[PDB]
Each structure stands twice: as structure tokens, then as C-alpha cells.
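One chain comes next, on its own, written as C-alpha cells: the form solved without its partner chain.
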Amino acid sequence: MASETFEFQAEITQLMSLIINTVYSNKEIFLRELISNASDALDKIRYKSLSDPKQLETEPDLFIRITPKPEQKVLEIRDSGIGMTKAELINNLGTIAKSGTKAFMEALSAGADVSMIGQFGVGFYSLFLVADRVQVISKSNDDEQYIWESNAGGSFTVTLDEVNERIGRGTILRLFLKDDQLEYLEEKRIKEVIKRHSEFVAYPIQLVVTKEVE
């Protein structure tokens, strides 16, 4: 419907502007960070299900799925984890977080690997190494499906989702890739990045491949 607009906490803006603009070389690290977050969200629904198995029924399969959408210059990273309510999207992604965000920027001013970002709990924002815009589409068992959208630029929107496929339960990160980062639409490239840095994941990592017949 109508979107609601929110202001990012200043430190999150600071972190994002730095990441979207950085000339840091090893931009592929974004995928390990998002796979790690997906795995963590799956751990949470699995754990919750130990005492409330009905929570799994909205999506009984536990998976991470990567879907390139070349025409739209989009890469989607989906999980069937715990998901986020409207309030959780606003909370987890924009208006609070803090969270080692300041400490990570300080570690950068001193020379840390950008690749250390996950150790500060803010690996999500590494997506701006390869994307200039993101939609986070999420469905918690506790709320309706919502879309959080950011272009790294100070404000974000949250909208009740009347436009995307229903996700049973979980989260899609829909990355709108930069024009010079379209290699991450390629099956060969995605496979190599996954295999090298995400070796001990307990859930299947599914790659959606679209190919012409004959």
C-alpha cells in the first residue's frame, strides 16, 4: 500500500556510504556474509521449533536459495529462517541495530579487513559492495509479509507486501547489482564464491539456474 519512511540511525548511514563507495578489492565477501545470516536465521527457527513444532508448518523445508535474475540485474538470497515482522525489519535493519557498527568503522580507520565485518555483527551492509539498492522481503509467522527498501542513502521504506511471491516463512534479500558487478549473476562465478568461503553450512544451498532448452 502506502509506504512508511524512516531515518537510519546516523552511524548506519555512515557505514553504508563508506561501503557503497569503497574501492576495496574483494567484493565477493558479501555472499559469505549473507549466507551466514541466512544460516543463522534458519538456526533460530529450528531452535524455536524444538518446543513449538507448529512454527515449521508455514514452510517445512529449511534451505538457502540463490536466484540470479539477469534481465533485472538482480540477485536474490532467500532463506526459510525465522523471518522478521514489520517492527523487526525497522529494528534489525535501520533505526537501531547498534551493535558493533561504530567499532567496525573504527577497526576500518585502523586497517581491518573489510572481511571482518561479520565479527562485528553488521555483515548485512556488505551487500553495498555489489549493489546500489536492496529490498528485504520478509515473512515471520507473527506478521504479514513486508518489504524494507534502502538505497544506502539515509532513509528507508517499509511497505506491506502486495507485489512479491508469497514466502511461506523467511527472508529474501533482493540485491539490485551495480552495472560493474554483473559477474554475480553468473552460475560459474556464484558457484566458485559459495564453495570457497561457505563450506560448513548445515542447510542446503540451492542455486536456481535458468537455461534455454536446445
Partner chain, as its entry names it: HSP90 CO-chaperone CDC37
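Residue numbers count along the first chain shown, from 1.
Omitted from view is the form solved in complex with its partner chain, to which the following refers.
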### Exercise: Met116 in contact with its partner chain in the deposited bound form, heavy atom 4.5 Å
yes
### Query
Heavy atom to heavy atom, is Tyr125 within 4.5 Å of its partner chain in the deposited bound form?
no
### Message
Please determine whether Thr85 contacts its partner chain in the deposited bound form, using a 4.5 Å cut-off between heavy atoms.
### Response
no
### Message
At 4.5 Å between heavy atoms, is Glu33 in contact with its partner chain in the deposited bound form?
### Response
yes
#### Entry: Those residues of 98 to 120 which, in the deposited bound form, come within 4.5 Å of its partner chain by heavy atom
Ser99, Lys102, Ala103, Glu106, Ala107, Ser109, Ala110, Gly111, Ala112, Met116, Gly118, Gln119, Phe120
